[PDB]
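This document opens with one chain alone, in structure tokens, the form deposited in one PDB entry.
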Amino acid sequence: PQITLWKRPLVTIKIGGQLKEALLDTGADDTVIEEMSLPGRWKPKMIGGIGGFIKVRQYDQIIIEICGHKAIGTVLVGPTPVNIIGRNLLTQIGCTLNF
């Protein structure tokens, strides 16, 4: 699909059996989701942006459904104010910026 940027590029995602709203974010290296349970192992990580840094849990090899497109990758879980789909998963669904 072609998504215009008049409003926030929000999409419905399926992660860990849960439906969530998430922002397609080209400024984010990684994907970060609000507090939730994910299976398997994790390690602590710090991610930085505007306002500074937050502590997240890093889960690797996680499957997510984005607009019907399944993708696998690392997902960070923590106190993000917005669910964000970052470049690590945006690449996997074939998402580009066009102008």
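Rigid core (definition): largest C-alpha set, two forms, superposition within 1.5 Å. So that there is no doubt, residue numbering starts at 1 and follows the sequence shown.
FYI, the form deposited in another entry isn't displayed, but the following is about it.
Flagged residue of 36, 63, 67, 54 - C-alpha shift reaching 2 Å or more between this form and the one not shown, core superposed: Once the cores are aligned, the residue moving by 2 Å or more is 54.
Direction of C-alpha distance change in the other entry, residue 74 to residue 52 (at least 3 Å): Relative to the displayed form, residue 52 and residue 74 draw closer in the other entry - a change of at least 3 Å between their C-alphas.
Cα-Cα shift for residue 51 and residue 20, closer or farther in the other entry, minimum 3 Å: Farther is correct, given that in the other entry the C-alpha spacing of residue 51 to residue 20 is increased by at least 3 Å.
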